[PDB]
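I have placed the structure first, in the form of structure tokens, so that the comments after it can refer back to it.
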Amino acid sequence: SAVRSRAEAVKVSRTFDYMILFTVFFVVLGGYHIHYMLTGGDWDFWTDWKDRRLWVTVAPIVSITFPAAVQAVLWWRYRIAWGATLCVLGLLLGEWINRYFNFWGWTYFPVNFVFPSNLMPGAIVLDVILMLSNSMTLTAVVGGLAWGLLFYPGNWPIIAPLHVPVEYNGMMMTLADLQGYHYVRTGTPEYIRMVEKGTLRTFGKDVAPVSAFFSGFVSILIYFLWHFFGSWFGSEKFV
Amino acid sequence: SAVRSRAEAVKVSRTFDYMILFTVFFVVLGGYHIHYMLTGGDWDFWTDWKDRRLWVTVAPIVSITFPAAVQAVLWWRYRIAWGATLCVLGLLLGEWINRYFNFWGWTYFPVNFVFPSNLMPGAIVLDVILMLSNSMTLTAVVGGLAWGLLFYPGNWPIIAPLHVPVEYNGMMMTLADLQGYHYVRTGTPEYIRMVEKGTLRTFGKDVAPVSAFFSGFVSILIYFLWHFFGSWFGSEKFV
Amino acid sequence: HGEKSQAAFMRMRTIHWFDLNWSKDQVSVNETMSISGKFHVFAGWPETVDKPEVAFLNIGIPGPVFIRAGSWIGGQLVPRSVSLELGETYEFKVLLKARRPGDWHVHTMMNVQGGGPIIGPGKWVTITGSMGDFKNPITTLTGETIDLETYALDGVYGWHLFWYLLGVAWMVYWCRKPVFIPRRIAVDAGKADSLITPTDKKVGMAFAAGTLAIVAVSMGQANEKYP
Amino acid sequence: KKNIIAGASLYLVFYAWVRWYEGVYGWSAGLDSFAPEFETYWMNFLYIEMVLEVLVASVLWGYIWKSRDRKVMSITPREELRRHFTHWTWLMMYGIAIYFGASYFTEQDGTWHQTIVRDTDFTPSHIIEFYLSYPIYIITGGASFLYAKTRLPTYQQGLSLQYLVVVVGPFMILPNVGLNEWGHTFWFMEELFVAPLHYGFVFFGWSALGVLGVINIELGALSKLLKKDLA
Amino acid sequence: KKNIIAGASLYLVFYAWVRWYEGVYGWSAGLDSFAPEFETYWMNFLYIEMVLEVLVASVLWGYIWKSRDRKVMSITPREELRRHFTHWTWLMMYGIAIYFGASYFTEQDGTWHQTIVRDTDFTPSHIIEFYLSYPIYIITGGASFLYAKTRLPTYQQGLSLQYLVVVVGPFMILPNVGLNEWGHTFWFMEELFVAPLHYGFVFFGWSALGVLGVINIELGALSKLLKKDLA
Amino acid sequence: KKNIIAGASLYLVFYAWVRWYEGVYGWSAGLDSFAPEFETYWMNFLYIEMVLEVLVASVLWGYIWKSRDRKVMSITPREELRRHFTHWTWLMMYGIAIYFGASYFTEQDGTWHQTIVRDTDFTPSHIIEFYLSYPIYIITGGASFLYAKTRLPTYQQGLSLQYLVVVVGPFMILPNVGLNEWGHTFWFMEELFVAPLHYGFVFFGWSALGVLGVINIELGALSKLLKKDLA
Ligand SMILES: CCCCCC(=O)OC[C@@H](COP(=O)([O-])OCC[N+](C)(C)C)OC(=O)CCCCC
Ligand SMILES: CCCCCC(=O)OC[C@@H](COP(=O)([O-])OCC[N+](C)(C)C)OC(=O)CCCCC
Ligand SMILES: CCCCCC(=O)OC[C@H](COP(=O)(O)OCC[N+](C)(C)C)OC(=O)CCCCC
Ligand SMILES: CCCCCC(=O)OC[C@H](COP(=O)(O)OCC[N+](C)(C)C)OC(=O)CCCCC
Ligand SMILES: CCCCCC(=O)OC[C@H](COP(=O)(O)OCC[N+](C)(C)C)OC(=O)CCCCC
Ligand SMILES: CCCCCC(=O)OC[C@H](COP(=O)(O)OCC[N+](C)(C)C)OC(=O)CCCCC
Ligand SMILES: CCCCCC(=O)OC[C@H](COP(=O)(O)OCC[N+](C)(C)C)OC(=O)CCCCC
Ligand SMILES: CCCCCC(=O)OC[C@H](COP(=O)(O)OCC[N+](C)(C)C)OC(=O)CCCCC
Ligand SMILES: CCCCCC(=O)OC[C@H](COP(=O)(O)OCC[N+](C)(C)C)OC(=O)CCCCC
Ligand SMILES: CCCCCC(=O)OC[C@H](COP(=O)(O)OCC[N+](C)(C)C)OC(=O)CCCCC
Ligand SMILES: CCCCCC(=O)OC[C@H](COP(=O)(O)OCC[N+](C)(C)C)OC(=O)CCCCC
Ligand SMILES: CCCCCC(=O)OC[C@H](COP(=O)(O)OCC[N+](C)(C)C)OC(=O)CCCCC
Ligand SMILES: CCCCCC(=O)OC[C@H](COP(=O)(O)OCC[N+](C)(C)C)OC(=O)CCCCC
Ligand SMILES: CCCCCC(=O)OC[C@H](COP(=O)(O)OCC[N+](C)(C)C)OC(=O)CCCCC
Ligand SMILES: CCCCCCCCCC
Ligand SMILES: CCCCCCCCCC
Ligand SMILES: CCCCCCCCCC
Ligand SMILES: CCCCCCCCCC
Ligand SMILES: CCCCCCCCCC
Ligand SMILES: [Cu+2]
Ligand SMILES: [Cu+2]
Ligand SMILES: [Cu+2]
Ligand SMILES: [Cu+2]
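Chains as they are written, first to last, in the deposited numbering: chain B, 6 to 244; chain F, 6 to 244; chain D, 33 to 259; chain H, 20 to 250; chain C, 20 to 250; chain I, 20 to 250.
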């Protein structure tokens with residue numbers, strides 16, 4: 006009406022988009038990273054914590070929170086297909102910057118000891134399952150199961166080389182245990198390590214799959230809850 | 006309008022009633038039985054678990070849930086006097102079928118060892134207290150106290166014969182303990198038995214009555230909550 | 033039977049059963065056999081298995097094909113749970129009474145609270161006869177010798193059948209009246225008083241009074257029949 | 020407009036077949052996971068039932084193909100009255116299925132857990148409970164829901180909320196089987212009840228109270244199909 | 020109406036200064052609370068930063084002095100369109116600040132414990148985390164909020180609720196520093212995650228999702244400032 | 020329209036009688052449950068008080084017999100103004116009763132528990148607290164509620180919700196006495212406070228905040244009975 010042309014509005018929209026994307030990316034990055042790194046991230050810090058029972062159970066559960074909340078308005082307000090991908094990209098960028106410039110660059114822990122978990126697969130499948138079927142409950146169920154089940158398979162090719170057994174001074178240890186043993190963590194004694202230790206009610210080899218199915222089932226409810234939580238965060242109410 | 010006569014509508018109503026009653030009976034039976042058999046039913050399985058403190062405290066509390074919920078629409082929509090009686094009839098039928106055809110017919114536990122708890126008295130008194138006084142809070146309070154207090158008295162004539170003491174190989178045991186000792190439950194060690202064991206703050210004989218009054222008080226709140234829960238289940242909202 | 037599915041290291045570093053002796057491998061119904069031996073608690077106990085402060089000497093069988101007529105640890109009857117010390121050796125004995133014909137794998141197990149089942153070696157025992165012959169006689173501190181297999185059964189049946197028939201009669205009182213449709217229309221129109229007539233409410237009192245009455249008389253009669 | 024497929028409830032014969040197959044081919048021939056006798060009478064059972072259930076669910080759920088203009092509220096108490104009877108036949112089938120799934124075989128598995136079989140790595144009792152009965156009643160409930168959605172006018176207004184609860188609600192115990200077998204492993208408790216690991220699918224029986232809403236709905240468009248003909 | 024103070028984000032140079040000051044004056048010169056070297060390079064740091072932050076917050080928050088008649092909704096897409104660009108510049112600054120405060124230095128402090136420094140009575144990666152970065156992003160967020168309140172018409176209607184959450188919400192982690200250092204003392208747990216003591220300011224990152232509401236608002240009065248000029 | 024039964028608050032003399040009877044007949048004559056001296060001065064007390072309270076509650080609650088056409092809102096500030104004064108006299112009585120029941124004797128029982136008497140199977144201090152004071156204030160609250168219900172026009176519209184809370188709410192501590200004596204037995208904790216067993220009737224003092232609603236109501240129909248006569 007007083008700008009210049011109708012193509013000027015297209016350029017004004019484009020510039021606004023770049024700003025809005027920047028701010029959302031980084032604010033959600035901050036929030037997501039703090040939530041993750043303070044609910045399920047000790048398993049994320051060290052390779053010798055990436056076990057078959059507690060890692061596979063906790064990582065996806067607490068990880069699916071922000072993707073679902075951000076998706077509750079970046080889909081029914083602007084039909085935005087990404088939003089879980091954006092959450093995960095932010096989380097991974099923050100984690101990698103910290104690992105490389107502080108964990109390694111500051112305290113000198115080797116990078117092959119502190120690399121982050123991989124949450125890209127589940128994110129893409131969740132975004133797609135939502136784009137198609139345009140359903141929150143359908144997405145809840147199916148994408149939650151997928152998120153829960155795609156985690157360990159998505160990470161195995163990365164941590165497999167470190168699970169080769171080794172005999173060290175008479176005891177048997179994996180290369181990941183050997184790493185945890187060599188590189189001293191004065192603040193992280195060995196006994197706090199919450200990893201699978203075997204029980205009388207446990208079976209010989211059934212931890213990884215059972216923990217991925219339990220995690221998927223719980224991710225169903227987590228996505229359900231955080232969908233509504235995010236719908237609330239999208240409120241425009243004034244007080 | 007296009008059926009036949011006005012008496013044809015009476016027959017159509019009658020047939021519909023028989024169908025609706027069947028489906029409600031069995032669906033509520035399924036739900037109620039699963040809820041019961043997974044919150045308070047180990048005490049229900051074995052006679053040597055029907056003690057004076059935890060049985061009398063847990064059975065009625067968790068048992069009053071479905072009766073109250075079903076009553077929240079089978080009273081203010083159709084003035085249906087039963088509904089707690091129907092819940093309890095379903096629960097008892099399911100439990101007896103299972104005990105007789107699986108516990109006894111399949112694994113051969115004697116029936117006088119695995120018979121179910123009796124919840125018929127409290128159900129009838131609750132239904133009546135609701136029919137008269139047409140009040141949810143009045144019924145809540147009074148019927149909750151009754152439900153909690155009528156349980157142990159309603160069951161005692163059935164389990165009394167099994168509380169006769171016996172001296173077995175030098176130790177004193179009731180016939181119920183002797184049953185639990187003879188008929189091996191490889192999956193149920195003795196130490197998991199959650200029964201009254203006596204304490205320094207316990208009095209010599211005061212468990213049964215105190216546990217029935219505590220149970221009545223808590224049944225008050227349980228009925229209160231599940232009245233609203235059931236009112237929600239009765240919703241006709243569309244999404 | 034399910035020992036094959038337990039962690040191999042757990043099976044090797046918990047309890048060791050040795051000097052085992054089965055008194056028979058072919059029993060008839062109402063006959064007894066015994067299982068004796070010793071077991072040694074390993075001091076290098078697994079971390080995830082609670083130390084055996086609370087343990088129960090059990091028998092591994094598919095339901096009560098036998099009945100545990102008795103069980104001793106070091107000479108004392110152990111119908112309750114017991115306590116053990118890491119690194120000790122105990123002598124145990126179990127006495128079984130054949131109840132159901134067939135061929136059963138009888139294992140000696142130790143349930144450890146906070147731990148799980150610790151299953152010893154199993155043996156194939158054959159029971160011959162007819163289950164209809166099983167007798168479980170017992171004499172009480174009043175004596176009064178009874179048969180624990182069927183004692184007090186008629187009472188259970190009678191009481192449960194009575195209460196069930198009482199509850200069925202309550203529903204039947206209201207089932208003859210057309211339900212659902214007329215009742216819906218009634219309250220929808222505003223005739224909430226559909227079938228709650230005075231006579232229908234006085235039937236409720238009778239049931240409620242007849243119930244609260246039977247409970248008290250029954251408590252008294254029980255206290256008088258089993259002092 | 021009934022008395023046809025209502026009496027054709029083959030649920031009994033089929034379920035009477037497994038209760039027999041259970042007490043005859045799983046008593047001792049299924050006590051040990053072992054390798055031969057078990058994978059012959061119990062693992063093949065599992066695979067066959069999973070594939071058959073998936074395919075039967077994909078097929079039977081084709082009421083969207085038979086769906087069309089469902090303005091039966093404009094029709095008299097003849098065409099729409101006849102559809103409600105079919106809906107309640109579907110609901111009776113669903114009730115039978117829910118009974119057998121959530122009551123009979125669930126407490127049967129409870130019985131089994133007590134006698135011998137420690138859940139460690141498996142059981143043959145919940146090959147029939149978790150992978151046979153639950154999917155069966157899930158299929159029946161989905162069928163009934165879809166029928167109402169595609170054939171009754173009062174349901175053309177967007178997915179009754181309570182109908183979704185007496186449905187997918189009871190579906191959430193199937194994935195709930197992940198909670199147990201994980202709460203039975205590293206969090207175990209050798210009971211049904213104090214173990215909160217089971218409280219997962221205790222929050223499923225409640226959902227089986229959505230038949231308070233379907234009944235309110237089906238007695239609000241049907242009360243207006245009987246009002247005129249009172250006596 | 021931008022490309023000015025947006026490129027003048029000195030946050031990098033300033034934060035690039037502390038990451039250097041950290042790795043050069045706090046590695047060993049700040050390992051021991053001791054008395055001389057520590058109170059010289061780390062306690063004076065703390066005091067100076069606290070006073071400077073308080074005064075900068077009191078000063079910079081004077082958009083109430085520049086506030087006036089803000090009926091820019093009656094103006095064309097020129098004056099109000101120009102203000103929205105300034106608001107989003109403020110929001111980009113807030114995003115940078117939130118990143119550096121809640122992500123970079125928080126996980127850097129996570130790195131610090133795992134190495135040596137037990138939190139007992141202090142840490143010098145704490146002057147940089149709880150008393151420098153959090154107040155910085157708090158100041159930036161308050162500035163942005165006040166700007167919108169005093170300069171945009173759509174915000175003259177009483178304190179958008181979600182804007183308060185992407186604001187004071189993230190403020191509640193600062194006082195949350197009382198939970199930790201008390202959950203690290205008499206309730207300690209030498210982790211970041213299982214220790215529920217940290218769940219205090221886990222209930223702060225969530226609040227940093229109020230940028231879903233500010234974005235919905237800022238894309239509802241702005242969608243009506245671009246509708247006519249579609250192509 | 021007052022200054023009559025307001026000054027006739029015999030609550031003091033009666034309660035001044037028990038505080039004397041307590042310190043004279045329960046100090047050592049009530050230390051042991053024993054059999055003679057206890058069942059003479061404390062068990063007979065209990066029985067008498069229970070029967071008297073039940074009968075006094077059944078009788079005093081007869082404001083439904085004195086109830087009639089209560090359109091006093093159509094009357095001037097004389098008849099209805101006079102009734103509000105009576106209502107507030109009832110409420111002052113209720114306040115005195117609640118003070119003596121929930122504050123004086125409750126903390127007196129707290130004192131008693133500390134000195135000697137382990138709650139095991141009984142105490143003589145909560146013969147006066149649980150079975151004398153609580154029913155007394157319950158009776159007073161019910162009386163006041165019924166009076167308002169049957170005598171004031173503004174209350175003829177269906178059971179004010181908050182009035183039910185400053186009433187039966189505080190009633191739910193009486194049945195709450197089942198929680199304690201069960202949380203004191205098999206779940207005991209020899210305190211008042213950390214023991215969650217007492218949190219039962221901590222969720223009763225809150226309910227004693229329903230006098231925020233009765234006051235709002237009684238200052239909304241009364242504000243319209245004084246508006247015209249301002250100065
Ligand atoms: C859920 C209800 C249900 C019932 C059952 C349960 O819960 O259980 C019992 C108890 C608990 O247990 P434990 O083991 O976990 O703990 C210990 C013991 N005591 C006694 C000490 C506690 O609980 C009960 O009793 C119940 C109650 C409930 C709530 C109120
Ligand atoms: C939050 C989520 C997060 C993760 C982490 C946690 O929580 O942790 C782990 C576990 C627990 O721990 P504690 O130590 O505390 O406890 C003991 C152990 N147990 C195994 C026995 C339990 O948890 C898990 O796992 C998780 C789950 C969650 C809920 C469901
Ligand atoms: C996308 C399907 C890929 C399935 C891969 C797989 O079966 O992995 C099994 C692994 C179990 O590892 P384990 O039992 O030790 O046997 C595999 C041996 N390793 C670990 C050496 C590969 O645990 C999981 O990855 C759970 C994922 C379930 C997805 C349906
Ligand atoms: C713990 C999950 C609670 C989420 C409830 C929610 O979505 O909020 C509904 C309510 C307002 O409900 P209503 O007026 O119906 O407005 C619904 C629209 N939204 C979701 C934007 C508020 O908003 C609030 O007061 C915030 C909830 C507490 C913070 C977690
Ligand atoms: C712990 C989660 C907080 C959830 C906040 C919420 O749902 O409450 C909504 C409440 C609804 O009442 P409100 O709209 O404040 O009252 C009307 C305000 N006026 C009088 C200006 C119309 O407003 C506030 O909470 C105040 C703002 C809190 C900022 C963190
Ligand atoms: C309908 C009232 C019947 C009252 C029966 C009774 O007093 O039973 C007491 C019994 C306590 O048994 P105990 O103290 O051992 O003394 C009775 C002795 N026996 C158990 C052998 C009957 O525990 C209960 O049944 C609690 C029911 C309270 C209802 C108000
Ligand atoms: C944990 C108990 C919560 C019960 C609350 C309830 O009755 O629901 C009210 C609300 C809708 O409130 P409103 O729109 O006022 O409608 C009230 C009528 N009913 C009860 C039929 C929904 O319904 C729901 O969203 C379901 C509640 C969560 C599942 C336990
Ligand atoms: C864990 C308890 C779930 C309680 C469900 C609830 O109260 O949420 C109501 C919500 C209210 O929002 P809704 O009506 O779905 O949104 C409007 C839907 N349309 C766009 C078709 C009008 O609808 C749904 O939850 C979706 C169905 C869930 C099935 C288990
Ligand atoms: C597992 C069998 C349960 C029996 C279900 C039933 O009795 O419903 C009858 C209904 C028939 O209802 P009807 O009114 O004939 O169907 C609507 C009318 N049409 C299909 C012509 C639009 O069947 C179907 O809709 C498809 C059946 C496929 C599985 C056997
Ligand atoms: C959706 C469940 C997938 C079941 C796959 C299957 O047929 O089971 C084979 C395998 C089990 O193989 P394994 O135990 O190594 O050897 C099977 C042979 N027996 C029965 C003798 C143990 O199961 C798993 O992948 C783990 C259990 C499913 C997750 C709850
Ligand atoms: C920490 C620096 C962040 C940069 C903030 C920014 O770029 O916003 C520009 C804005 C200028 O926006 P503008 O539209 O000029 O202000 C509204 C127009 N006035 C002030 C004439 C009413 O600045 C102010 O409002 C005050 C700045 C004080 C700190 C440097
Ligand atoms: C708002 C926090 C106030 C910080 C005051 C300050 O400058 O710290 C000095 C003093 C600490 O003095 P102190 O440890 O006795 O001796 C300081 C000298 N060093 C650094 C060698 C221990 O701190 C306290 O009052 C306690 C910690 C603040 C609450 C979280
Ligand atoms: C425990 C004594 C508390 C004193 C109560 C009080 O002062 O209220 C006065 C009120 C008198 O109020 P008033 O306005 O006279 O009654 C309404 C007018 N009538 C009864 C004629 C319809 O008494 C009653 O209603 C009945 C008293 C019975 C117990 C002593
Ligand atoms: C509503 C409570 C009923 C109190 C009945 C009564 O008068 O107490 C006698 C009896 C207690 O009899 P007992 O302890 O066997 O012997 C009484 C004689 N002394 C006082 C010496 C222990 O109490 C009970 O039934 C149990 C306690 C009530 C439930 C909280
Ligand atoms: C309109 C939907 C109601 C608001 C969402 C509340 C959901 C809370 C329970 C998951
Ligand atoms: C109209 C009543 C409001 C809906 C019921 C909610 C009750 C929840 C707390 C018991
Ligand atoms: C360590 C166990 C923690 C369990 C969390 C709650 C489980 C909920 C089951 C649905
Ligand atoms: C004894 C520790 C109890 C902690 C209560 C819950 C803390 C909440 C943190 C916000
Ligand atoms: C084992 C103790 C569990 C107690 C449950 C909560 C009690 C609530 C009191 C009202
Ligand atoms: Cu075997
Ligand atoms: Cu099972
Ligand atoms: Cu720190
Ligand atoms: Cu006391």
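Note that CB positions come from ideal geometry on N, CA and C, so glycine has one too.
| Query | Result |
| --- | --- |
| Range covered by the alpha helix (DSSP H) that runs through residue 187/F | 180-187 |
| Residue 89/D vs residue 105/D beta-carbon contact at 8 angstroms | yes |
| 9 angstroms Cβ cut-off: residues of chain C touching residue 105/B | Going along chain C, no residue has its Cβ under 9 angstroms from residue 105/B, so there is no contact; the nearest lies around 11 angstroms. |
| Residues that DSSP places opposite residue 109/D in a beta bridge | 104/D |
| Residue 170/F, enclosing beta strand (DSSP E) - first and last residue | 170-173 |
| Meets three-Cβ-pair contact criterion under 8 angstroms: the stretch 66-81 of chain F and the stretch 131-151 of chain F | yes |
| Residue 87/D - containing beta strand (DSSP E), residue span | 87-92 |
| Any non-hydrogen atom of ligand 20 closer than 7 angstroms to residue 154/D Cβ | yes |
| Partner residues on chain D for residue 97/F, Cβ-Cβ distance less than 9 angstroms | 192, 195, 196 and 199 |
| Nonlocal neighbours in the same chain, by C-beta distance under 8 angstroms from residue 45/F, ignoring five residues either side | 63, 64, 66, 67 and 68 |
| Min CB distance residue 187/H to chain B below 8 angstroms | yes |
| Own chain residues within Cβ distance below 6 angstroms of residue 81/D, not counting five before or after | 147 |
| CB contact flag (residue 233/C, residue 185/C, <8 angstroms) | yes |
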